[PDB]
Structure formats: C-alpha cells, structure tokens
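Shown next, in structure tokens, is the structure this report addresses.
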Amino acid sequence: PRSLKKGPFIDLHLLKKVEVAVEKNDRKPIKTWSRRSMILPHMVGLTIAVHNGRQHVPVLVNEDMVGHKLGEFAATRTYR
Amino acid sequence: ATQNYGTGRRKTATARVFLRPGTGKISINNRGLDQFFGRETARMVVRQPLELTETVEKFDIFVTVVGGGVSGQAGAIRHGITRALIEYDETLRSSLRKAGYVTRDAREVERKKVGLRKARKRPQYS
Amino acid sequence: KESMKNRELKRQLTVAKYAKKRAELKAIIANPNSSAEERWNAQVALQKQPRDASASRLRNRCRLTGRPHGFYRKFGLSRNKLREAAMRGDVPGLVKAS
Amino acid sequence: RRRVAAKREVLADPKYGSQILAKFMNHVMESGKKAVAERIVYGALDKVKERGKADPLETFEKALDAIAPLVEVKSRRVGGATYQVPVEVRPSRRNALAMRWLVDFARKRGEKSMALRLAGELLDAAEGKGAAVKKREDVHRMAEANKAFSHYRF
Amino acid sequence: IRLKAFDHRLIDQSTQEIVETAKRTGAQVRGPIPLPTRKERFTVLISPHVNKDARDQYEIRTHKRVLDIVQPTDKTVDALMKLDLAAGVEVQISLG
Amino acid sequence: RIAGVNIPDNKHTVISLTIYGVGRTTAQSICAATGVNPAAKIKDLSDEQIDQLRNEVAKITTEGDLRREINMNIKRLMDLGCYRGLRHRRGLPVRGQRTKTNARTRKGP
RNA sequence: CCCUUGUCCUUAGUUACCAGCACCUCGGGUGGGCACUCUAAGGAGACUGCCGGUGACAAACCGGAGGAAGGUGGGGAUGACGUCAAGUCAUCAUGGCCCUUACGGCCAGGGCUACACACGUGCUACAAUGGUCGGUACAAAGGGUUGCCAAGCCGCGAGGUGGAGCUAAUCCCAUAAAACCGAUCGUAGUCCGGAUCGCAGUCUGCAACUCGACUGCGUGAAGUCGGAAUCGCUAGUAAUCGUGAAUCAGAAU
RNA sequence: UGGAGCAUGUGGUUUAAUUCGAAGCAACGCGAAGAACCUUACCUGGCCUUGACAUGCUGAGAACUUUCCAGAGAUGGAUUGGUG
C-alpha cells in the first residue's frame, strides 16, 4: 500500500512546535517522542533525533528528502 | 410404455434415463454421446457391454449424468446401461456379472482425518 | 496480575467516549468531493481530542477466564472452556455427529 | 505370512481391444490430465506402425520374444555367503521386463514429439538390436557361479 | 411460514403443532418441505500440554421449514405461536 | 548498435525484443501498430523492419547510461548513515525479507 | 455404546426452473414440476449365514452362491492397563530466601542478524516439448443492523465517488477449469535469469520528510542421470487446479 | 543430501542495561491453548506519602463537559452549563 492519497501533513498536536519555528532562529532542535515523528516536506533543514530511549543520533538533514520514516538515522537493528 | 425412471451415478449424481426401444442411439446432457464426450479413450468402453448384449440396434438411450468434472463420470454412463434393461426383462439376467459395472465404489474421498495428510496417505517421517 | 485485566477492560467506554464525532467524521473520508481547502478541516477531526480515539488498541479474551486463542465468532469464550462447557451443557446446539 | 494378494487385470478396450496394452493408461497419463494425455496415450499406437509396414501389435507382440530373462536373482543366505536362486519362472515373472524396460528407457533418446518418444523403441521388439535386448541375454550370463544355487544351501 | 430454530428434534416436533393445529380451524396448511443438515466444520486443540496433533472436531446446525397457508386466515399460527415453543425455540412465522 | 549488444540468431523478433527487463506488454502495443511483423526474423525480413526497433532504446536509457547510474544512486546511500546503507555495506537482505542465516535467493557467499 | 441409512421411505420444494408442457432471449418470463423428480432428518443394512472336504470336527483355514454388492474393511480428548530420577513452586494451583520511599510512580533520554560456518536434510529440475499472450463445452453459496465492498465510468492489470444480493433456493472476492493441429525458427548452464539503484502515483484518516503489495520485463549468473549410503510402498494406495465468513472496519504457506 | 540457491530452528558471530525453558536419529508439538500505552521479564525519563484498582476513617463539589492551554508528550486545573 502507502500510495500518495494522504498528501499534506496537517497534524495539529504534532504541528505546533515545528512550523512555528520559522520565526525563531536556529539555535536549538525539535525534540521528538516517537519512532515516527515525521514533519512536512516544507521543513527540510531541521533536526529530528529518533526517540527510542537512551541516547540521540547524528541526523544530517540535507536538501533532498521525499519518502519514508526515520528508521534509517537511528536504525531498527543498531548492530550492538 | 417404456417411459420409465432409471439412474446412473458416479461422484455425486442423480440421473435421468429417458429410454425406449430404438437402434443403439446414445445421448447425454440434452446432447448426444459425441457432443460432450469424444476425442478420448473411454468412449467405446461403454460399448463393451453394448457389444456384450447386442443392444446397439434394439434400444434408444438417453442417460444424463452431471457433476464432478470431465471424465470422472465416464463410469456413470457405464453405471446404469442395464439398470433400464434388467427392469425390462430377465433375458440377460444371469449373463451380466462378468461385465462388472454397477459397484458404487467407496474407494473414494470420504471423511478427512486429522493428523494425516489425505484419505489414508500419511505425512513425512523417518 | 489483579490490575492487568482491569487496566484494559475499561476501553468499552473510553474508546467510544465521543463515538459520534468519530462516527460522523469517518464517512466523508471515503469521499473526494471535499475540497483542497478542506484538506485541513478533515484533519482537525479526532486525535488530540483526547487520544482514547484509535480503535487499534483493543483485544478480546475469554469471558470468565481470559484467553485470546480459541475464540470463535460465536462466543465470548475460549478453547479450554469449550471442552468443559458442553460436557456439563453450557453450549447450545453443539452435538457430535458426522 | 500367507499372501492374500489377488491379481486380476482388465483386458478390453473401445479403441484397441488388446491384452497387455489396453489398461496401460497409468504411466502415459503422467500425473496431470487425460485431455492432454489422450493424444499421447493412444496416439503412439498408430505412430509405430505409421513409419513401418506391419500393424502396431505386429512388433508389439514380439517384445516378449527377446526381452525376457530366463532366471531370477532374489538373494538368500544360510551360514556363509548370500546365494540367489535362478530358474525358469512363470511367464508373468519373466515377461514383466519385456515391455516396461523397453518402454521406460526412451528418455535418453527423445526425438520430435512426446508420443514418438513413447513409441521410440516399440518397433524394435522383433530384431532386438536396441537396448532392451542387450540386458536380456546379460541376465543369463551372470549365472555361472549361481548355476548350482537352488537346492544345496539355497 | 418460514422458521429459524435449533435442531432435528424440536423444530420437527413443533411443526407437528403448526400444520394440524391450523387445519382443524378451517383453512389448510400444506405439508412440511425438507431442508437438510447444516454442514459446518470446525477445529480445536484438546491436549493438556500443547500438541498440534491432538485436535478434535465439532459441528452445529440450524433447520428451516417452508410452510404456506393457502388462504391466509389462520390466527393459530400467531395466537398459538407461543404454543410452538416449549423451552428454546424462537419461532419465525410468515402469514401467507 | 542494432539491439544494444551482439544478438544470437534463428529465433523470434518479439523475443529479440523480449532481452531482459522493460518490454513485452509495451511491445504488445508496438508490434500491433508499427508494422514490424512477428511472422519473420531480423534477417528473414529486410533491414527496413529494424529501423524503429533500433530507435526504441536511445529514448529512455542506454547500457552505458545504465552503467552511468549503477553507482551514482549507490554513492548516495553508502556514506549517508542509513539503513539502506547499513545492509548495503553489509550484504544482507535489504527490504525486510527473511534476513539472518540461510534463505535462498538474496545474498550468496 | 461411539466415521454410524445409494441401498427402502410415507410425505416432501410459497420466489429455483422446463422430464408432462405451450413458451422462451431454448438465459426459461411463469403456472404446474409430489410422476419419465430438486442437497435425507431418520428407519429393515452386510452374515459364522448355509453347502462340500481338510482340522480332534473344533476353534479355525480354503472353495460356493445371490447375481452388473457377498464372507472377516478397531474411524481412541475420564488410553483395557502395564510401561524410560528428567519441561511450571506458572494459565486453578503450589515452598527454604526476597521488593517492601518498591517491579504502589509512570508521560520510558536506545544499547539483540560482524558471517567466521556446520547442521533436522522434507515442492520447484536438469533448457528443449522450444522460449513473452488479453481468449475455451466452462468455479460460484452463505456469515453478513458500526458488514461483505457488482456489470464499475477507473483498465494493459488497477472494479477508492457507484452501489442490483441489505438479513441471501439472489449475490460482494463473480473471473475461472491441464484438450483442440497452439504462431516463425524444430532438440542450448542460454531469446527460464533482474537481490543493493520502484523513483513515483485524487484509497484506513487530525499521525507513510534517504525502506512495501502495486509482477511493464530495458537487466546483474550459477537447474548435468543424483554415485558414499540413506527419509521410505503390497490398492484406490507412492500422485501438481482455491479456503466463504471477525472482539461484526476484506495480505493464517 | 551434494565447492553449494548465507531463514535467529538451537550450538560457533555484533552490546555501553540479559529473566526461566529439552537433556538421543522422542534436542525448531520442551511455562501459556497470542509482550498494541509498559499498574512485565530492575536501562528506565520519573516521582510517591492513601490510591485508578482490593481495602476501612474524611470531602468541597454526585456525576460529566474536563473539547482545549504548556504538551515536539498522561493529566491537575480555565473546565464554559447542571445540582444533582
């Protein structure tokens, strides 16, 4: 499945401290409490560290992103 | 007259025998014998009783069988060929046992037992 | 645990706490006649209106005993029940034949 | 260990009316369907005689004239080495390898058409210069040391 | 008259109390038309400690019956409709 | 040149067009309206039945243009810390299939 | 007393359809189909029964009828019961020590497949019956008051706005069945081959920003008589066409 | 069965937090016949001082609406009415 039926990402309990960060300068991250905290494709250039429980990860958000969840920055299996 | 009710069965049928005197004319499923049956080797196997009893010139035969598949009811034309005829007379009475064409067999797919795979076929082991 | 059956059984009311704004706003979703300006009001529907609104988090067990396997579409009971039920007679219609 | 086995082959057909080729539909209906097998089962009968002059059975009847061994090789031991017992058996026993061995050894040839493949060596049963009449006399040859194995310690 | 009930021994002994009981009152109820065994196959596991071999087997039925009052005036099929039930039959009726 | 590479002979034209990977039900729409008859070969026809069988390759991608991008998208996913490059670096099944030790057509030695 | 009624059946089909029939679009609109019938609840059913010998004639063991069927066809969750210090102080249970501002607090800031291999091995073939389609005489009934989701306009192939079956003798998966003589060239580790690079596409719905079916085949392979010796077959047996349905929202190899 | 078509099916592999399970070709039918807000197998952000829930002594206000606010994240409380 997972076709492009559900197009835009308007989710008010997950919107209201990521889109509001345009007016405020970039000196701090967007702090995440899901394995699935996706945001809009209008907000490339931010920091989302994958919530799973004990330390945060290097996420290099660069200019070209379209597809899927954040299970690649902090991977599912982490090779312990 | 000869306007009677016989039957012929193999693999869950309930048949129609529309039979009378004629000349060996054979027919099935509102069609003839050479309409649904043909280009296959079980055709003259039911002529083997029809040559045993010289009835290929003295009766007009319409026996219908349905269900199952294509050729699993080859034995159902075989089933009631003389079921419309030993009702008519006892002339071929003690001379038909050598043919062997009436036994509604139970070497079939009966109840399916759990633990095994199939009818009495067993799973793989050592 | 005394509080495992007690902490999940209460979803008979909480998942259906609104249950009407959820029933009205899950039928228009299968209709594309809603406009593109209406791709945001169809998404102020149900969630932070407190999140006992997803039906994905509910599960059944036996009625007296508490077991998820053995449940068929005709009971509220389980597989270690059905051997002990009809033999004293708790199950109607369940006879043994071919 | 009494044998309650009862043999009775049906030998009559509405197409050929043979003897040991009438009820043979078992290995020519290769686990699938009769529709596709019907042109392969009795399609070879009129393909073995369609290349020659004589009838299909003419060279089909002479298969048990050069493909049937005159001995047996069932093993048995008494207190030393295993000794088999070879002697003139009944026709049935001897004439079982005089068709099926000639028939099954046709996959190591395989020319045009599946039905020709089955009929590939059916016309060979007359002169016996094929492969089925190569193991027939071979059986006899392996019985010099087994010649006196029947009465004493056997 | 179309029915929905249990088994082979309480709906056939309740449609004995439908045909005759509405025929004596003047009109006519036709004969009982057969509607056979409901053929429903099941699977369980009956072992104390788990043994997928050790299943068992179950089945359950529902009979229906087709009766038809010819000229519809029989009140017995609705007034003595609770007479058709003894303990566990819930009678469906069809007046016509 | 004529079909990308050197082609063995004495066989179809539609299977000279279906050569492994994007095709035949496109070619079902091609050989019914172009005029290239499937009833003969690349050589049993004249040379003029091949000229639009040669033009349908240099419009999408080339075997060198396939070789051009056989590493470029791979270059994206190795050094970018991802789980498309955690098992691309490693060699495993990648798309969440039967993963750990001995399923058949995914890894090799 | 334990798969338990072609074999026999009073009576049997309010709306199936067409043996009586007119009819029909010969798909049966529709009477009538209880008789040249439409899915049986349940009921005589199959024997030590007889004859001839053999056997101590006796338990048995061979030969026989009727007559298109006459001699043996254990179908085991309180095993007939007898069996091998060994799985849970754990689905109801049940002890020599423990937490006891705690594993009564809970909105948890992520840390189980380096391949370095053996192995319980148990479909698929060996290129030849050769390599890529949209098609045959043609499956199809029930569960179905927060369900199944037509002939879909969408189609190569997608049956999301529609909705006839809405309480199913209708129907939603409603399309099918290895066959005819299947094209041109006649018998090959390849014109059977695509794992990391499907980008990108108006469907659960407040929640698919470098990974999902979506099978269009440009591409990136390895299938060679099965020998050491070993799973394993005395009769319908060794043996290649699918599951319809929820705690009432459709990927149980 | 076969250099082999590198599945957690247990023994050899990769942690900075690890709870018990068979003892043979009866070792992937070895607690329970299913770990979707952790009131689970001490990572635990974290806080207890009466209590969701099982519990006696005491309450404004019975109750809910507690939509929404910090919440990129339970709820206390604005809780708009009700006084039952």
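Annotations for the structure displayed:
- Count - residues of the stretch E:37-57 that are away from chain B (no Cβ under 14 Å) and not acidic (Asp, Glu): 5
- Test: residue in the stretch D:126-146 that is under 23 Å from residue D:53 (Cα atoms), surrounded by 12 or more Cβ atoms within 10 Å (Cβ to Cβ) and among the charged types (D, E, K, R): no
Matching residues to (1) more than 9 Å from RNA strand G (Cβ to nearest atom); (2) more than 14 Å from chain A (Cβ to nearest Cβ); (3) within 30 Å of residue E:52 (Cα to Cα); (4) part of a loop (DSSP other than H, G, I, E, B):
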| site | (1), (2), (3), (4) |
| --- | --- |
| C:65 | no, yes, yes, yes |
| C:69 | no, yes, yes, yes |
| C:80 | no, yes, yes, no |
| C:92 | yes, yes, yes, yes |
| C:98 | no, yes, yes, yes |
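- All told, residue A:28 falls short of being within 6 Å of RNA strand G (Cβ to nearest atom) and exposed (fewer than 10 other Cβ atoms within 10 Å of the Cβ).
- Residue A:9 being closer than 20 Å to residue C:40 by Cβ, away from RNA strand H (no atom under 12 Å from the Cβ) and assigned to a loop (DSSP other than H, G, I, E, B): yes
- Considering each residue of the stretch A:3-16 in turn, none proves to be away from chain C (no Cβ under 14 Å) and surrounded by 13 or more Cβ atoms within 10 Å (Cβ to Cβ).
- Among residues of the stretch C:39-57 being near RNA strand G (Cβ under 6 Å from one of its atoms), more than 10 Å from every other protein chain (Cβ to nearest Cβ) and exposed (fewer than 13 other Cβ atoms within 10 Å of the Cβ), the one that is nearest to residue A:16 (Cα to Cα) is C:54.
- Being within 6 Å of RNA strand G (Cβ to nearest atom), among the hydroxyl-bearing types (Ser, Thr, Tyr) and in a loop (DSSP other than H, G, I, E, B) is a description that does not apply to residue F:34.
- Test: residue in the stretch A:55-65 that is within 14 Å of another protein chain (Cβ to nearest Cβ) and in contact with a strand residue (DSSP E or B) (Cβ under 8 Å, 6 or more places away or on another chain): yes
- Qualifying residue in the stretch D:35-52 (condition: part of a loop (DSSP other than H, G, I, E, B) and within 15 Å of the chain's Cα centre (by Cα)): no
- Residue match in the stretch F:73-86 (condition: closer than 30 Å to residue A:59 by Cα and of a type in the set (S, T, N, Q)): yes
- For first residues located in the stretch C:1-28 and in a helix (DSSP H, G or I), partners that are surrounded by 10 or more Cβ atoms within 10 Å (Cβ to Cβ) and of a type in the set (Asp, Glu) and lie 6+ apart or on another chain with Cβ distances below 8 Å form the pairs C:11/C:52; C:14/C:52.
Okay, residues lined up against (1) away from RNA strand H (no atom under 16 Å from the Cβ); (2) outside the structural domain of residue F:27 (by CATH); (3) exposed (fewer than 14 other Cβ atoms within 10 Å of the Cβ):
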{"position": "F:44", "(1), (2), (3)": "yes, no, yes"}
{"position": "F:52", "(1), (2), (3)": "yes, no, yes"}
{"position": "F:63", "(1), (2), (3)": "yes, no, yes"}
{"position": "F:73", "(1), (2), (3)": "yes, yes, yes"}
{"position": "F:77", "(1), (2), (3)": "yes, yes, no"}
{"position": "F:80", "(1), (2), (3)": "yes, yes, yes"}
{"position": "F:102", "(1), (2), (3)": "no, yes, yes"}
{"position": "F:106", "(1), (2), (3)": "no, yes, yes"}
{"position": "F:109", "(1), (2), (3)": "no, yes, yes"}
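- The residues of the stretch E:1-32 that are in a strand (DSSP E or B) and either near RNA strand G (Cβ under 8 Å from one of its atoms) or among the β-branched types (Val, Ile, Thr) (or both), listed by number, are E:2, E:29.
Numbers and lists here come from the model and the stated rules, or from a named source; no laboratory read-out is quoted. Ideal geometry is used to build each Cβ from the backbone, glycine not excepted, and the neighbour counts take in all protein chains shown.
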